[PDB]
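When reading the values below, keep in mind they use all heavy atoms of this one structure, side chains included, and skip hydrogens, waters and symmetry mates. Throughout, protein chains are lettered first and strands after them, A, B, ... in sequence-line order, and every chain is numbered starting at 1. We count ligands from 1, going down the list as the structure has it; atoms in each ligand are counted the same way.
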Amino acid sequence: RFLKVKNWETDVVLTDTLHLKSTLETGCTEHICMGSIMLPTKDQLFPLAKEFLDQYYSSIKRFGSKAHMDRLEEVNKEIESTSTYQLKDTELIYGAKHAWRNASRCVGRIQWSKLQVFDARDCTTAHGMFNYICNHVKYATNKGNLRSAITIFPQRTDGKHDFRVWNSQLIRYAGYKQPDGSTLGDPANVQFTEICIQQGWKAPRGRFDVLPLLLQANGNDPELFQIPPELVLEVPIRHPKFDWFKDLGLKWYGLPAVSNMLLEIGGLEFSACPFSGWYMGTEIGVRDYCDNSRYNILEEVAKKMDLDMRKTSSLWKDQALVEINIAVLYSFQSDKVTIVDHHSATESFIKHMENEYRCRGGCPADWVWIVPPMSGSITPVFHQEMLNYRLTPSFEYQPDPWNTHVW
Amino acid sequence: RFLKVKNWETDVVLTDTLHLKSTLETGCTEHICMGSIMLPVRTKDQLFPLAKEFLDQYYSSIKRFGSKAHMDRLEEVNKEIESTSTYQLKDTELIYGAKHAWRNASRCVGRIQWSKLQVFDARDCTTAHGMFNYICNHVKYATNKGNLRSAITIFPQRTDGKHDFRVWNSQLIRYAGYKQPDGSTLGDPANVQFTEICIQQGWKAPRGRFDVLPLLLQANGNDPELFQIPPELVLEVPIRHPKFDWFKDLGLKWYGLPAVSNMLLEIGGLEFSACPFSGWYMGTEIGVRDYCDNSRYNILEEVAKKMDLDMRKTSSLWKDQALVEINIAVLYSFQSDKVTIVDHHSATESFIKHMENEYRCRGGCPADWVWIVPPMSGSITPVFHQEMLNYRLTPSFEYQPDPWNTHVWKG
Ligand code: HEM
Ligand code: HEM
Ligand SMILES: Clc1cccc(CCCNCCc2ccnc(-n3ccnc3)n2)c1
Ligand SMILES: Clc1cccc(CCCNCCc2ccnc(-n3ccnc3)n2)c1
Ligand SMILES: C[C@H](O)[C@H](O)[C@H]1CNc2nc(N)[nH]c(=O)c2N1
Ligand SMILES: C[C@H](O)[C@H](O)[C@H]1CNc2nc(N)[nH]c(=O)c2N1
Ligand SMILES: [Zn+2]
């Protein structure tokens, strides 16, 4: 019940007590582990609020104080009256920072307390949502010197008036299925690229077409909006060794911004809460570029490197993979856009783990996601045992809006 | 209940029913997942149900469930248990048992091969010298001049736990490790403690970088004894790189036979604490873990130096770059010398097919994603994209404490 996690490269043992505050369920049982599975009322509300406010007030060293008790009563009064309640700006910022802190799949959490929270709860329309998003995009990009940020639209009321950003990321490339049977652009977005067109988008059918924003306010039908190109910073991908690499016509966007997730704070649900940080190199080079169901460019690059692709045992796929990722990091660094390599990031995460064990008694972490999709065992986190569990406040997944939207 | 796993690269969805037959525990709960934790004497009371459950499986597999042969055997085992407090497995049951424990090894990527396992019955063994003889025959059969064959040798089961057979080596063939006075390590750092024991037990160490450890064998609860595996039985491969001619000059070699000797085989409640088994290597075992782990030979630096890599910033990915070449050299060398080896693409791809087959014919395939995914180039192998369920079936291979911590020394 007081658990220990061992790093097998350094012999460091940390003790975990934080897990004994976990409330939500993992998907696992004593008989079966689901660690690699991607997704395993008024009375409901107040204990949730209470748990949150207790944490908040303990974090500011006024646990059980006047203000604490006062606030507890105040919220309690509001819930009974209004069937919900509103967070104070202080609570909102704290909630959001702690949702990031608790996100067991994010490797970048050492930065957690340096989050810029944009309070967009006064927003009422999609145009409004568009304005708030552009401001977020411009602020976070910061001419290439990325700053972490989140923008928080109004909380769910009766699930009929939900704010949603339909895009999965604020900035993604389009996906077109060809008569050819092949697929142009990003295949992860083929369906989303479709719905953009069904609602009205004038697709230019290219390889790297920046998708439009598709914003839903107050439960209404969603609306399309083109992000000003001058706000979308992009990096052309070249290789500091292969002059031919540029001829591949590869580029990527600099701002990684998750927009499809649900932020839960003290029982309240924020269904539109786009957040952004900066890329770990492998996210683009390994996953976006090399996944079979994505841009899948390994064959092209290997062909261009003139490798023996006759045999898996030549490790040509591995060879190309490295070069590509060298290029990605190179291109971002040369255009002065923030990016972190998988070595630096994981190293920082181990440090963050030590801090969290020390100042908080633990750090929930999902090894399957923290370990980079290349060179796993030459990063420190490979040899680091982790305990995975769900704390609140949290970022949760939520259904794609098209499957739910009452048109 | 039915459970679904999804491959996100192919959208193939599989349904697991097999997990219902799982009794042992995972270490996880509804509130915590211990999926990355490496490591989260038995009365007649608990033994016969275990025996029944095993024999029931056995008889089902041979399509004789409920037969007279089946019922008579259950009867025989029950009577033998209460009379003698234990029981003996038939040769057929032992073979079936050993294969199925490999089959259920959720951390093993090579299980497509599970049904082709040479089982050597060493239950008539009584002494360490007898253990050495058996182990030699294993090494020679499995090696087969480089055309490797999977094999397991099974020494007598545990009785009261005071008479255990144990192989003290973690692997039948491994290299010595020596801590120097200056704090550096010569040879394999993972074998420092074990090398020290051997030296203490009387081993005369050449003190080199690749000294094949002697065998330290414990029979019937007695103190362990040292034996040197005949060198001519130890197949080794010099590591060279197909383009880099300076690579040979690193002075690297490895052995061809990968053989786990410190695990415990459970079959029908019986405990076989000495059960060394061998397969063949997936390249990354040597190339990535053996050579490049910081706590192992750790050759990434010297290799990268000689590659003239920009080692000044980690964002040059010099480490990743060296890692690949080293793994290229390992596979190259083994194939050149015609010793069996498999690359991680080939091996993971076969495992996906094996897994799909197991769901269709068996209703499941327990699998530990944290272990199954190779330690380099994870997402360009198909297992990375494969959802897996992990649970514990018997028969099984289990960890057991190192015998130097538990042994009661005679003297
Ligand atoms: C600032 C530098 C950051 C870095 C280097 C970073 C890194 C990562 C990486 C590599 C992933 C894996 C994504 C994938 O493979 O799909 C991830 C996921 C995640 N990150 Fe971050 N992140 C950063 C900032 C943030 C911020 C600002 C937030 C929220 C405030 C956040 C919350 C999350 C969450 C909730 C996930 C899980 C996403 C999912 O489950 O699909 N991260 N992060
Ligand atoms: C024939 C080719 C085989 C291949 C390519 C293979 C592959 C692997 C690999 C890569 C591992 C991970 C080892 C590590 O990273 O520490 C492993 C683990 C394991 N294998 Fe195999 N294996 C083979 C044969 C066998 C055989 C014959 C058996 C048993 C009869 C077996 C049983 C196991 C077990 C029990 C583990 C877990 C080891 C542990 O937890 O330390 N494998 N296998
Ligand atoms: Cl459950 C499940 C099943 C299929 C696909 C999936 C997508 C996971 C994508 N995760 C978001 C990736 C992403 C993209 C841009 N930026 C970030 N990002 C930014 C800061 N932190 C993370 N993260 C989930
Ligand atoms: Cl639980 C835990 C914690 C720290 C170290 C540890 C040792 C893992 C060793 N795994 C076996 C490695 C190995 C070596 C040679 N051969 C094989 N092998 C042969 C057939 N299948 C696997 N496997 C366990
Ligand atoms: C099946 C498996 O759970 C799936 O492929 C996971 C593996 N680990 C991951 N890790 C990260 N960081 N991102 C991912 O999308 C995934 N996908
Ligand atoms: C802490 C972590 O679980 C540990 O380092 C695991 C990770 N995955 C592994 N996978 C394999 N094949 N072998 C290992 O030793 C490990 N080590
Ligand atoms: Zn689990």
Just go through B:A190, B:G110, B:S170, B:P258 and tell me whose heavy atom is the nearest to atom 19 (C) of ligand 4. B:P258

Please work out, at 4.0 Å between heavy atoms, whether the side chain, the backbone, both, or neither of A:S276 comes within that distance of ligand 1. backbone

Looking at atom 17 (N) of ligand 6, what's its closest protein heavy atom, distance included? B:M38 CE, 3.6 Å

Side chain, backbone, both or neither: which part of A:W369 has a heavy atom under 4.0 Å from ligand 1? side chain

Are B:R289 and ligand 6 in contact, using a heavy-atom cut-off of under 4.0 Å? yes

Side chains of A:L321 and A:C290: closer than 4.5 Å at any heavy-atom pair? yes

Side-chain donor-acceptor pairs under 3.5 Å in residues 395-403 of chain B, sequence neighbours left out?
unit_1, atom_1, unit_2, atom_2, d
B:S396, OG, B:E398, OE2, 3.2
B:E398, OE2, B:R392, NH2, 3.2
B:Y399, OH, B:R107, NH1, 2.8
B:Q400, NE2, B:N262, O, 3.3
B:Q400, NE2, B:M263, O, 3.2
B:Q400, NE2, B:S273, O, 2.9

Would you say B:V370 and ligand 6 have an N/O pair spaced under 3.5 Å apart? yes

Okay, side chain of A:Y173, backbone of A:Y253: is any donor-acceptor separation there less than 3.5 Å? yes

With heavy atoms of A:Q384 as the reference, note each atom of ligand 6 found under 4.0 Å away. 1 (C)

contact_flag A:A96 ligand 1 heavy-atom lt 4.0 Å: no

Students should be able to answer this: which protein heavy-atom is nearest to atom 13 (C) of ligand 4, and at what distance? B:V260 CG2, 3.8 Å

Using a 4.0 Å heavy-atom cut-off, say whether A:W278 meets ligand 1 through its side chain, its backbone, both or neither. both

Taking the basic N atoms (NZ, or NE/NH1/NH2) and the acidic carboxylate oxygens, is any pair closer than 4.0 Å for B:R296 and B:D188? yes

Heavy atoms only, cut-off 4.0 Å: how does B:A259 contact ligand 4, side chain, backbone, both, or neither? backbone

Tell me whether atom 7 (C) of ligand 4 lies less than 4.0 Å from at least one protein heavy-atom position. no

Please report which non-hydrogen protein atom sits nearest to atom 1 (C) of ligand 1, along with the residue it belongs to and the distance in Å to one decimal place. A:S148 OG, 3.2 Å

Closest to atom 38 (C) of ligand 1 among protein heavy atoms sits A:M261 SD, 4.0 Å

Around atom 21 (Fe) of ligand 1, how many protein N, O or S atoms are there at under 2.8 Å? 1

Any idea which protein heavy atom is nearest atom 3 (O) of ligand 6, and the distance to it? B:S36 O, 2.8 Å

Any heavy atom of A:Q111 sitting closer than 4.0 Å to ligand 1? no

May I ask you to identify the nearest protein heavy atom to atom 28 (C) of ligand 1, giving residue, atom name and distance to one decimal place in Å? A:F275 CD1, 3.3 Å

Is the distance from the ring center of A:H98 to that of A:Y94 below 6.0 Å? yes

Which atoms from ligand 6 have a heavy atom of A:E385 less than 4.0 Å away? 1 (C)

Near B:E285, which atoms of ligand 4 are under 4.0 Å from a heavy atom of that residue? 13 (C), 17 (C), 23 (N)

So, do B:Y281 and B:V330 sit near enough that their side-chain heavy atoms are less than 4.5 Å apart? no

Check ligand 4 against B:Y399 and write out every atom of the ligand that is under 4.0 Å from a heavy-atom position of the residue. 1 (Cl)

Proximal ligand 6 atoms for A:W367, defined as those under 4.0 Å from one of its heavy atoms: 2 (C), 7 (C)

At a non-hydrogen distance cut-off of under 4.0 Å, which region of A:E283 contacts ligand 1 (side chain, backbone, both, or neither)? side chain

Side chains of B:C28 and A:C33 in contact at under 4.5 Å (non-hydrogen atoms): yes

So is A:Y397 close enough to ligand 1, meaning a heavy atom under 4.0 angstrom away? yes

Say whether A:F382, considering both its backbone and side-chain N or O atoms, lies within less than 3.5 Å of an N or O atom on ligand 6. yes

May I ask you to test the A:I152-A:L92 pair for a side-chain heavy-atom distance under 4.5 Å? yes

All N/O donor-acceptor pairs, side-chain side in residues 369-382 of chain A, below 3.5 Å, sequence neighbours left out:
unit_1, atom_1, unit_2, atom_2, d
A:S375, OG, B:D320, OD2, 2.7
A:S377, OG, B:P375, O, 3.4
A:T379, OG1, A:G376, O, 2.8

B:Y297: which residues meet the ring pair (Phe, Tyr, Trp, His ring centres under 6.0 Å) condition with it, sequence neighbours left out? B:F210, B:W254

How far is atom 12 (N) of ligand 6 from its nearest protein heavy atom, and which residue and atom name does that atom have? B:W371 O, 3.2 Å

Indicate the ring-plane relationship of B:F120 and B:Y141, choosing parallel, tilted or perpendicular according to the 30° and 60° boundaries. perpendicular

Can you tell me how far the CD atom of A:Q384 sits from the CZ atom of A:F349, to the nearest 0.5 Å? 8.0 Å

